[PDB]
Structures are given as structure tokens and as C-alpha cells.
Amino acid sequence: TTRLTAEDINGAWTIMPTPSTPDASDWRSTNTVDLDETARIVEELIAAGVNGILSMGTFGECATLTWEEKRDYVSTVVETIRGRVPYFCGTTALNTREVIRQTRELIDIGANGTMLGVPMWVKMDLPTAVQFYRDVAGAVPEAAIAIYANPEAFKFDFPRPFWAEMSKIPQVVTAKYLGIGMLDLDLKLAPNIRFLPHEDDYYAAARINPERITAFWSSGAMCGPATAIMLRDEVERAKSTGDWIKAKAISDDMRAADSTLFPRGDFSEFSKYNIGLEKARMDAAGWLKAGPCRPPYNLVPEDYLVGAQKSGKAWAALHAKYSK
């Protein structure tokens, strides 16, 4: 096991949820992870051709799982993968010592890296955030680190000079990236990081810089991964042939499928219900069973739930359309 670099990060990187038992919204329940569905999902993603698996971000419920639940979940993922694809766990926590303690334990179980935001009880500034990731990578230098650059969840907004500093840390190999307004500059400031746009932004981002932009992250794949596999294969054919017509059609399809996900189109309103909306979309699509949300985040306004289920139905149809 030799540590991951940015060169090893290509293709469809799919973020899976942490499947929950039918009583997982109850604070009294203690072993709420469905390890059978957890295993089954891993088998079907790898069989579908995904290049790598991320986990334990916001909708993966890193916030609301217990430590014993996280260890059993990671263990099951690791066994089932059997080293066939790289795997990132997630270990964001409220302080640097807890982050380090979790990362050490989950790397030892067999995850290859951690998808990592920053502690967010106190809003972090730029030097605080740089030193945080430096401390972690120095404390566990065998862990690859994916920056989870979510300003809604983590308050800190991951600005341009932050990315210049992360490119200096060998462990930081990739980033779960949101809007691409400054992707052109961030690629220049951060040559050593594989920036993963969102799946819907992969088309545009790869056109900006087809040399650097070779991978993306997907949560839509939890509704049926054929669409993400099709987009990956068609973009890389497009880079060679110069014919982006079919790649644009898939990408436009993916955008339309997400058109009801965010309440009122509002990322901040979506962020209040990130966990529930992603899981309900996934529940609705029927490709896997995400299940109820662990507390406190088990209350979603019905109007918002409907938007997520419509998106989930739209992605299941896209999976059928782009299958075989």
C-alpha cells in the first residue's frame, strides 16, 4: 500500500451514503447501520465501473453516526472493496485531536484517505485552516486527504490562497469542489491537486482544462451509476475527438435531473436539509436503500422532499437511458 497521489485520481468518484436501519431516526437506537446494504452497494458500484468511492461527508452523516457505527461501516466497506478501488473515509470533527484520532483508526482499518472539511464550531480563518490540514497530514502522513470544500457546512470559504497552500502538502491529493467560477485560477495556484467538480459541472470544467480535469464526484450515481459512467467515457472520447455533442447532451440531462433538488434553487436552503434531501432522492430512485436520517436531522419540509424525490426519479430514468 503506497500512498495515493493526484495522478491516481481519475474517472467517476461516487459518494455513497451510510445506509440506515428502519429505526435510525430514533436517538434510542444504537446500531443503525445496515451493513448488508452497505456491502451490497459497494459491490454494485465497483461492478458498474466506478473508479473510486468517497464517503462520510455531509449526507453520509459523518456528523450523526456514532464512533462504533463508523468503525463497523468503514470495516464493511473495506472488506467488500478488497482493494479493487481506492476508498476515502470521512473524519471531519470539532477539533484537530479528534480528527487525528479518527483518521489514524480508519486508515488502520484500510481506507486509503479521508474526505475532510474543517472544524466549524468556531469559523476558521485562512491561517487556521492551513495549519489544521498541515497538522493532520503530518500526524498521519500515510493518509491521502480530499478537501471537502463546503462553505455552507464548514463556514470557512476555502479561498484561492488556501488552495495555493494545500498544493504544498503532499498528502492533499484531491478536492470535493463546488462552483467552478474560479477553477481556472485554482488549477494554476494548485498544480498538485486533482480538483473534482460536481458531476453536472464536469462537462464545462473538462472543457476549460482537459489536461487537469479528468475526474469528478457524483452523488447522482447513488440513483443509478450508468449516467456517470457514460459521462466519464464520453468526455474522454470528446477530449480526443473534439466532438463534445454527446457529452453535452448527457450533461444537460444531468442538470435537468437536478433541477428540483435545491429548494428554490438555493444552495443555502438545500444545505439545511443536505442529509435528508440526498437520502430521500436515493430512497425514491430505488437503486439502493439510504433510509431514515439519524438525529437531529430527520425533519424535512414535505415540499422540499417532493423536489428531491422528483430528482431521484429523474436520475433513475437517466440510468435506464444510459445503461447497457
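Just count from 1 along the sequence shown to find any residue number.
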Q. Do the C-alpha atoms of 142-150 or of 240-248 have the higher average B factor in the entry?
A. 240-248
Q.
Regarding 178-186 and 75-83, which shows the higher C-alpha temperature factor on average in the entry?
A. 75-83
Q. Hey, out of 274, 64, 30, 259, whose CA B-factor is highest in the deposited coordinates?
A. 30
(Q) If I read the C-alpha B-factors straight from the PDB entry, which of 125, 98, 199, 233 is highest? (A) 233
**Q.** residue 104, C-alpha B-factor rank within chain (lowest, middle or highest third)
**A.** highest
Q. Lowest, middle or highest third: where is residue 11 by Cα B-factor in its chain?
A. middle
Q.
Split into thirds by Cα B-factor across the chain's modelled residues, where does residue 286 land: lowest, middle or highest?
A. lowest
Q.
Sorting by Cα B-factor within the chain, modelled residues only, which third would residue 22 end up in: lowest, middle or highest?
A. highest
Q: Relative to the other modelled residues of the same chain, rank the CA B-factor of residue 120 and answer lowest, middle or highest third.
A: lowest
